[PDB]
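Undergrad: Take this structure first; my questions come after.
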Amino acid sequence: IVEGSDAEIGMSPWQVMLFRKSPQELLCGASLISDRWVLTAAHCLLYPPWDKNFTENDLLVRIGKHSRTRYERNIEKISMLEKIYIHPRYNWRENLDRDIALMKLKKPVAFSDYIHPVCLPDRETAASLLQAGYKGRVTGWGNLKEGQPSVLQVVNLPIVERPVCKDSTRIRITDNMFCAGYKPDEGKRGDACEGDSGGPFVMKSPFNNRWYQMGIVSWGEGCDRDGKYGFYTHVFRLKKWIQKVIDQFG
Amino acid sequence: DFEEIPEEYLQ
Amino acid sequence: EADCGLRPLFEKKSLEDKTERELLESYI
Ligand SMILES: N=C(N)c1cccc(C[C@H](NS(=O)(=O)c2cccc(-c3ccc(Cl)cc3Cl)c2)C(=O)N2CCC(CCN)CC2)c1
Ligand SMILES: *[C@@H]1O[C@H](CO)[C@@H](O)[C@H](O)[C@H]1NC(C)=O
Ligand code: NA
Ligand code: NA
């Protein structure tokens, strides 16, 4: 996260760290959506142009974390992956269309002050909240600039009008994406960055005071560049696939 | 750079 | 997943975090 700040303790208890076993390193962010399921970006797991193709046994998920590097004894929980599900129409060839994947844990994680699932949006909640100007919140242990944070970083960012998103890039933008960030004139700044991928873009419903994950950190041209915007997988638009995966393999 | 996680999680 | 989106150290105790109001204020 660039131009963000230290998260508070328990501020984002659905935050998951995707951890490579060997060598031990951070791969990506992710989120906890129930006691057995974790949501992330497909490109964190599968990206053929760079020979990235992770299998279940390659990775661990670390839940309840705050410190980036410390093993947070008695606080974090580490889970093994039973199965990875990548969107069948995840488009790694062109524009990361449908950049989404699910991970089923080998065993349920115990909830706590530091570990708790985020809600997934219904149509009405998406329709109501996904509007230009409305701010959401992004979290991660990724790069601080285009160097790595001691603790989880957080930043709030405004959703951007679809034509401005499109006009900011040469990448073909789909309905399965939205972009967020401040415009150059707006003054304030901030963005996700490398290492933040797969992490959650969340919003707090003013209707029921619940946090909803509207987006997954997907990609950007650099990080925090003027006139550029972070792009996010549109979670509601892909919810039918999420339900299908969870219904079938629950 | 990352502190070693317990051995039980690697096995 | 029915207790979702309610943080033990925040909503559950009715404590606010430092910047969530910034979100609410954007929701016009
Ligand atoms: N600023 C953010 N909000 C932002 C959000 C998430 C991540 C990052 C860093 C990086 N940015 S990058 O500028 O350095 C870069 C580098 C090479 C290709 C692309 C790229 C890939 C796909 C598409 Cl559709 C568009 C583009 Cl521009 C981008 C990036 O976007 N990714 C995604 C793909 C991943 C590959 C899997 N390991 C590598 C890291 C930044
Ligand atoms: C990715 O993973 C599976 C198992 O490793 C493999 O057999 C498949 O062909 C691999 N490559 C892809 C999807 O490019
Ligand atoms: Na364009
Ligand atoms: Na920018």
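How things are named: the first chain in the structure tokens is A, the next is B, and so on; residues count from 1 in each chain; ligands count from 1 in the order shown.
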Which residues come within 12 Å of stretch 107-116 of chain A, counting only C-alpha atoms, excluding same-chain residues fewer than 3 positions away, as a PyMOL selection string?

TA: (chain A and resi 8-16+31-38+61-66+72+74-83+103-104+119+211+250) or (chain C and resi 1-13)

Undergrad: I need the residues from that last selection saved to file as a short mmCIF file (atom, residue, chain, number, x, y, z; two decimals), in the first residue's frame (with N, CA and C atoms), if you can.

TA:
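The result, stored in selection.cif:
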data_model
loop_
_atom_site.label_atom_id
_atom_site.label_comp_id
_atom_site.auth_asym_id
_atom_site.auth_seq_id
_atom_site.Cartn_x
_atom_site.Cartn_y
_atom_site.Cartn_z
N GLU A 8 -5.07 -0.53 12.55
CA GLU A 8 -5.21 -0.77 13.99
C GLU A 8 -5.37 -2.27 14.23
N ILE A 9 -5.13 -2.70 15.46
CA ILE A 9 -5.31 -4.10 15.83
C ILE A 9 -6.77 -4.51 15.59
N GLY A 10 -6.97 -5.64 14.93
CA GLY A 10 -8.32 -6.12 14.67
C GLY A 10 -9.14 -5.30 13.68
N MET A 11 -8.51 -4.35 13.01
CA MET A 11 -9.19 -3.45 12.08
C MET A 11 -9.70 -4.18 10.84
N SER A 12 -9.02 -5.27 10.49
CA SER A 12 -9.33 -6.01 9.27
C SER A 12 -9.19 -7.51 9.52
N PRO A 13 -10.07 -8.06 10.37
CA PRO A 13 -9.88 -9.43 10.86
C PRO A 13 -10.15 -10.50 9.81
N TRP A 14 -10.63 -10.09 8.63
CA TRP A 14 -10.75 -11.01 7.48
C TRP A 14 -9.48 -11.02 6.60
N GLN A 15 -8.46 -10.25 6.97
CA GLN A 15 -7.25 -10.17 6.15
C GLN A 15 -6.52 -11.49 6.21
N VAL A 16 -6.17 -12.00 5.04
CA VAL A 16 -5.43 -13.24 4.96
C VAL A 16 -4.12 -12.98 4.22
N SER A 31 -8.77 -12.79 1.50
CA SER A 31 -9.75 -12.52 2.54
C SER A 31 -10.52 -13.76 3.02
N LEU A 32 -10.96 -13.71 4.27
CA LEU A 32 -11.69 -14.81 4.87
C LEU A 32 -13.17 -14.56 4.71
N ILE A 33 -13.87 -15.43 3.99
CA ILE A 33 -15.31 -15.23 3.78
C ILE A 33 -16.19 -16.24 4.53
N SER A 34 -15.57 -17.23 5.16
CA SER A 34 -16.24 -18.14 6.09
C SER A 34 -15.15 -18.89 6.83
N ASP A 35 -15.52 -19.92 7.60
CA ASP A 35 -14.53 -20.66 8.38
C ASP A 35 -13.68 -21.62 7.55
N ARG A 36 -14.06 -21.83 6.30
CA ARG A 36 -13.34 -22.77 5.45
C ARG A 36 -12.93 -22.19 4.09
N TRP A 37 -13.45 -21.02 3.75
CA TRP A 37 -13.18 -20.45 2.42
C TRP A 37 -12.43 -19.14 2.45
N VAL A 38 -11.46 -19.02 1.56
CA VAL A 38 -10.67 -17.81 1.41
C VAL A 38 -10.68 -17.34 -0.05
N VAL A 61 -1.95 -20.32 4.23
CA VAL A 61 -2.59 -19.04 4.48
C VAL A 61 -2.42 -18.67 5.94
N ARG A 62 -2.11 -17.41 6.19
CA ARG A 62 -1.87 -16.95 7.54
C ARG A 62 -2.94 -15.95 7.89
N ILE A 63 -3.72 -16.31 8.91
CA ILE A 63 -4.92 -15.56 9.25
C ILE A 63 -4.77 -14.93 10.62
N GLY A 64 -5.29 -13.72 10.77
CA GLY A 64 -5.24 -13.03 12.04
C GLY A 64 -3.98 -12.19 12.21
N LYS A 65 -3.22 -12.04 11.13
CA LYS A 65 -1.93 -11.35 11.21
C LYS A 65 -2.02 -9.82 11.27
N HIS A 66 -0.96 -9.21 11.79
CA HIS A 66 -0.80 -7.77 11.79
C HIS A 66 0.64 -7.43 11.37
N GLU A 72 3.21 -14.41 14.69
CA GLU A 72 2.43 -13.82 15.77
C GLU A 72 1.81 -14.88 16.68
N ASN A 74 0.21 -17.23 19.35
CA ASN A 74 -1.07 -17.14 20.05
C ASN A 74 -2.08 -16.22 19.39
N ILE A 75 -1.74 -15.67 18.23
CA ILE A 75 -2.63 -14.70 17.61
C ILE A 75 -3.02 -15.14 16.20
N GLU A 76 -2.02 -15.34 15.35
CA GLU A 76 -2.29 -15.77 13.99
C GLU A 76 -2.59 -17.26 13.93
N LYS A 77 -3.33 -17.66 12.91
CA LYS A 77 -3.51 -19.07 12.63
C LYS A 77 -3.05 -19.36 11.21
N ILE A 78 -2.40 -20.50 11.05
CA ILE A 78 -1.88 -20.90 9.76
C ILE A 78 -2.67 -22.10 9.29
N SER A 79 -3.21 -22.02 8.08
CA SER A 79 -4.05 -23.09 7.54
C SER A 79 -3.46 -23.65 6.26
N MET A 80 -3.68 -24.94 6.03
CA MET A 80 -3.30 -25.58 4.78
C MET A 80 -4.48 -25.62 3.83
N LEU A 81 -4.20 -25.67 2.53
CA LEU A 81 -5.21 -25.60 1.48
C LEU A 81 -5.69 -26.98 1.06
N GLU A 82 -7.00 -27.22 1.08
CA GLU A 82 -7.52 -28.48 0.59
C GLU A 82 -7.63 -28.42 -0.92
N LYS A 83 -8.14 -27.30 -1.43
CA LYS A 83 -8.38 -27.19 -2.86
C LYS A 83 -8.42 -25.75 -3.34
N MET A 103 -10.13 -20.52 -2.23
CA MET A 103 -9.31 -21.53 -1.58
C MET A 103 -10.07 -22.14 -0.40
N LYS A 104 -10.26 -23.46 -0.46
CA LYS A 104 -10.87 -24.19 0.64
C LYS A 104 -9.80 -24.71 1.60
N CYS A 119 -18.38 -9.90 4.98
CA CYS A 119 -19.55 -10.23 4.18
C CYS A 119 -19.31 -10.08 2.68
N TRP A 211 -19.33 -4.74 7.23
CA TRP A 211 -18.32 -4.59 6.20
C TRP A 211 -18.54 -5.59 5.09
N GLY A 250 -18.84 -27.51 -0.88
CA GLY A 250 -18.92 -27.17 0.53
C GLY A 250 -18.67 -28.35 1.45
N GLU C 1 -20.65 -16.59 8.63
CA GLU C 1 -21.13 -15.86 7.45
C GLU C 1 -22.51 -15.22 7.66
N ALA C 2 -23.03 -15.30 8.88
CA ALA C 2 -24.25 -14.60 9.25
C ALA C 2 -23.88 -13.56 10.30
N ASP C 3 -22.70 -13.74 10.87
CA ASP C 3 -22.13 -12.75 11.77
C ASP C 3 -21.06 -11.96 11.02
N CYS C 4 -21.15 -11.97 9.70
CA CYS C 4 -20.10 -11.38 8.87
C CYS C 4 -20.01 -9.87 9.00
N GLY C 5 -18.81 -9.36 8.76
CA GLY C 5 -18.62 -7.93 8.59
C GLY C 5 -18.75 -7.15 9.88
N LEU C 6 -18.85 -7.85 11.02
CA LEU C 6 -18.92 -7.21 12.34
C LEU C 6 -17.68 -7.58 13.12
N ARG C 7 -16.81 -6.59 13.32
CA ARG C 7 -15.49 -6.86 13.88
C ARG C 7 -15.57 -6.97 15.39
N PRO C 8 -15.00 -8.05 15.96
CA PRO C 8 -14.98 -8.23 17.42
C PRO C 8 -14.47 -7.02 18.19
N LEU C 9 -13.38 -6.42 17.73
CA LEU C 9 -12.79 -5.29 18.46
C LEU C 9 -13.37 -3.94 18.07
N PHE C 10 -14.36 -3.94 17.18
CA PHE C 10 -14.96 -2.66 16.78
C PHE C 10 -16.49 -2.65 16.84
N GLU C 11 -17.18 -3.08 15.78
CA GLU C 11 -18.64 -3.09 15.80
C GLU C 11 -19.22 -3.84 16.99
N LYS C 12 -18.62 -4.98 17.33
CA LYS C 12 -19.14 -5.82 18.40
C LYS C 12 -19.11 -5.07 19.76
N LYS C 13 -18.12 -4.21 19.96
CA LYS C 13 -17.98 -3.39 21.17
C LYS C 13 -18.47 -1.99 20.92
#

Undergrad: Contacts of stretch 1-5 of chain B at 8 Å or less, counting only C-alpha atoms, minus same-chain residues fewer than 6 places along, as a list in words?

TA: residues 24, 25, 68, 69, 70 and 71 of chain A

Undergrad: For ligand 4, return the neighbouring residues as a CSV table (one decimal) with N, CA, C and O atoms, in the first residue's frame (distance at most 8 Å; only C-alpha atoms and all ligand atoms).

TA:
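Here's the written file out.csv:
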chain,number,residue,atom,x,y,z
A,181,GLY,N,-9.2,5.4,-6.8
A,181,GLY,CA,-8.1,6.3,-6.5
A,181,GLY,C,-8.5,7.7,-6.6
A,181,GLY,O,-9.6,8.1,-7.1
A,182,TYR,N,-7.6,8.6,-6.2
A,182,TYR,CA,-7.8,10.0,-6.3
A,182,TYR,C,-7.4,10.5,-7.7
A,182,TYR,O,-6.4,9.9,-8.3
A,183,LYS,N,-8.0,11.5,-8.2
A,183,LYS,CA,-7.7,12.1,-9.4
A,183,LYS,C,-6.5,13.0,-9.1
A,183,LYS,O,-6.3,13.4,-8.0
A,184,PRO,N,-5.7,13.4,-10.1
A,184,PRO,CA,-4.5,14.2,-9.9
A,184,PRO,C,-4.9,15.5,-9.2
A,184,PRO,O,-4.1,16.0,-8.3
A,189,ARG,N,-3.7,11.2,-2.1
A,189,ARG,CA,-3.3,10.1,-2.9
A,189,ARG,C,-3.4,8.7,-2.2
A,189,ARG,O,-3.9,8.6,-1.1
A,190,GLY,N,-2.8,7.7,-2.8
A,190,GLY,CA,-2.8,6.4,-2.2
A,190,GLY,C,-3.2,5.4,-3.3
A,190,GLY,O,-4.0,5.6,-4.2
A,191,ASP,N,-2.8,4.1,-3.1
A,191,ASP,CA,-3.0,3.1,-4.1
A,191,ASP,C,-2.6,1.8,-3.5
A,191,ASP,O,-1.7,1.8,-2.5
A,223,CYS,N,2.3,2.2,-9.2
A,223,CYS,CA,1.5,2.4,-8.0
A,223,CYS,C,1.5,3.9,-7.6
A,223,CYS,O,2.5,4.5,-7.6
A,224,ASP,N,0.3,4.4,-7.4
A,224,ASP,CA,0.2,5.8,-7.0
A,224,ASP,C,0.7,6.8,-8.0
A,224,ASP,O,1.2,7.9,-7.6
A,225,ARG,N,0.6,6.5,-9.3
A,225,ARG,CA,1.0,7.4,-10.3
A,225,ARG,C,-0.2,8.4,-10.6
A,225,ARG,O,-1.3,7.9,-10.7
A,226,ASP,N,0.1,9.6,-10.7
A,226,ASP,CA,-0.9,10.7,-11.1
A,226,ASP,C,-1.6,10.2,-12.4
A,226,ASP,O,-0.9,9.8,-13.3
A,227,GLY,N,-2.9,10.3,-12.4
A,227,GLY,CA,-3.6,10.0,-13.6
A,227,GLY,C,-3.8,8.5,-13.8
A,227,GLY,O,-4.3,8.0,-14.8
A,228,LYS,N,-3.3,7.7,-12.9
A,228,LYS,CA,-3.5,6.2,-12.9
A,228,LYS,C,-4.4,5.8,-11.8
A,228,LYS,O,-4.6,6.6,-10.8
A,229,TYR,N,-5.0,4.6,-11.9
A,229,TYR,CA,-5.9,4.1,-10.9
A,229,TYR,C,-5.8,2.7,-10.7
A,229,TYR,O,-5.4,1.9,-11.6
A,230,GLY,N,-6.0,2.2,-9.4
A,230,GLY,CA,-5.9,0.8,-9.1
A,230,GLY,C,-7.1,0.1,-9.7
A,230,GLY,O,-8.2,0.6,-9.6

Undergrad: Within 8 Å of ligand 2, counting only C-alpha atoms and all ligand atoms, which protein or nucleic acid residues do you find, written as an NGL selection string?

TA: :A and (46-48 or 53-55)

Undergrad: Can you check which parts of chain A lie within 6 Å of ligand 1? Per residue, the shortest pair of atoms and distance in Å to one decimal, counting only C-alpha atoms and all ligand atoms, sorted by chain and number, as a tab-separated table.

TA:
residue	atom	partner	partner_atom_place_in_ligand_line	distance
A:43	CA	ligand 1	36 (C)	5.0
A:44	CA	ligand 1	36 (C)	5.6
A:47	CA	ligand 1	36 (C)	5.5
A:95	CA	ligand 1	24 (Cl)	3.5
A:96	CA	ligand 1	24 (Cl)	4.7
A:191	CA	ligand 1	3 (N)	5.4
A:192	CA	ligand 1	3 (N)	4.2
A:193	CA	ligand 1	40 (C)	3.9
A:194	CA	ligand 1	9 (C)	3.7
A:196	CA	ligand 1	6 (C)	5.9
A:197	CA	ligand 1	6 (C)	4.6
A:217	CA	ligand 1	6 (C)	5.7
A:218	CA	ligand 1	6 (C)	5.0
A:219	CA	ligand 1	30 (O)	3.4
A:220	CA	ligand 1	2 (C)	3.6
A:221	CA	ligand 1	13 (O)	3.7
A:222	CA	ligand 1	13 (O)	3.6
A:223	CA	ligand 1	1 (N)	3.7
A:230	CA	ligand 1	3 (N)	3.4
A:231	CA	ligand 1	3 (N)	5.8

Undergrad: Can you tell me which residues come within 7 Å of ligand 3 when counting only C-alpha atoms and all ligand atoms, ideally as a list in words?

TA: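 Going residue by residue within 7 Å of ligand 3, we get residues 166, 167, 168, 169, 170, 171 and 172 of chain A.
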
Undergrad: Go ahead and compute the interatomic distance for atom CA of residue C:27 and atom CA of residue A:131, in Å to one decimal.

TA: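 Going from atom CA of residue C:27 over to atom CA of residue A:131, I get 8.7 Å.
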
Undergrad: Between atom CA of residue A:49 and atom CA of residue A:165, what distance in Å does the model show, to one decimal?

TA: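 Atom CA of residue A:165 lies at a distance of 24.9 Å from atom CA of residue A:49.
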
Undergrad: Residues at most 12 Å from residue C:21, counting only C-alpha atoms, excluding those fewer than 6 positions away in the same chain, as a list in words?

TA: residues 135, 136, 137, 156, 203, 204, 205, 206 and 209 of chain A; 15 and 27 of chain C

Undergrad: Keeping only N, CA and C atoms, write the selected residues as a short mmCIF file (atom, residue, chain, number, x, y, z; two decimals), in the first residue's frame.

TA:
data_model
loop_
_atom_site.label_atom_id
_atom_site.label_comp_id
_atom_site.auth_asym_id
_atom_site.auth_seq_id
_atom_site.Cartn_x
_atom_site.Cartn_y
_atom_site.Cartn_z
N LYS A 135 -16.19 6.00 -1.04
CA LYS A 135 -14.88 5.45 -0.71
C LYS A 135 -14.96 4.04 -0.17
N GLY A 136 -13.99 3.23 -0.55
CA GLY A 136 -13.80 1.93 0.06
C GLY A 136 -12.43 1.90 0.69
N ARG A 137 -12.06 0.75 1.25
CA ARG A 137 -10.82 0.66 2.00
C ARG A 137 -10.02 -0.52 1.50
N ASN A 156 -7.97 4.42 2.47
CA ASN A 156 -9.31 4.62 1.94
C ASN A 156 -9.25 5.35 0.60
N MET A 203 -16.17 -2.05 1.91
CA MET A 203 -16.96 -0.89 2.25
C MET A 203 -17.84 -1.21 3.45
N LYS A 204 -18.14 -0.20 4.27
CA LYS A 204 -18.99 -0.42 5.43
C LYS A 204 -20.41 0.05 5.13
N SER A 205 -21.36 -0.89 5.11
CA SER A 205 -22.73 -0.49 4.83
C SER A 205 -23.25 0.51 5.86
N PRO A 206 -23.77 1.65 5.39
CA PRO A 206 -24.41 2.55 6.35
C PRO A 206 -25.82 2.03 6.72
N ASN A 209 -24.37 -1.50 9.12
CA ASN A 209 -23.08 -1.36 9.79
C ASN A 209 -22.12 -2.54 9.60
N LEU C 15 -17.07 0.20 19.14
CA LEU C 15 -15.93 1.12 19.00
C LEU C 15 -15.68 1.40 17.52
N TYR C 27 -20.50 8.58 1.61
CA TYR C 27 -21.72 7.93 1.13
C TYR C 27 -22.87 8.92 1.15
#

Undergrad: What is the distance, in Å and to one decimal place, between atom CA of residue A:214 and atom CA of residue A:201?

TA: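 Straight-line distance from atom CA of residue A:214 to atom CA of residue A:201 works out to 5.9 Å.
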
Undergrad: For the structure I just gave you, how does DSSP split chain C - specifically, which residues are helix (DSSP H, G or I)? Reply as a list in words.

TA: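 Filtering chain C to helix (DSSP H, G or I) leaves residues 11, 12, 13, 20, 21, 22, 23, 24, 25 and 26 of chain C.
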
Undergrad: With C-alpha atoms retained, export the selected residues as a PDB file, in the first residue's frame.

TA:
ATOM      1  CA  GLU C  11     -18.641  -3.089  15.797  1.00  0.00           C
ATOM      2  CA  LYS C  12     -19.137  -5.818  18.398  1.00  0.00           C
ATOM      3  CA  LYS C  13     -17.980  -3.393  21.165  1.00  0.00           C
ATOM      4  CA  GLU C  20     -14.226   4.690   9.021  1.00  0.00           C
ATOM      5  CA  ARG C  21     -16.150   7.978   9.312  1.00  0.00           C
ATOM      6  CA  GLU C  22     -14.264   9.085   6.159  1.00  0.00           C
ATOM      7  CA  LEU C  23     -16.100   6.241   4.394  1.00  0.00           C
ATOM      8  CA  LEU C  24     -19.514   7.099   5.799  1.00  0.00           C
ATOM      9  CA  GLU C  25     -19.112  10.763   4.888  1.00  0.00           C
ATOM     10  CA  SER C  26     -18.424   9.831   1.286  1.00  0.00           C
TER      11      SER C  26
END

Undergrad: Write out as a ChimeraX atom specification the residues lying within 7 Å of stretch 4-6 of chain A, counting only C-alpha atoms and excluding same-chain residues fewer than 6 positions away.

TA: /A:151-155,190
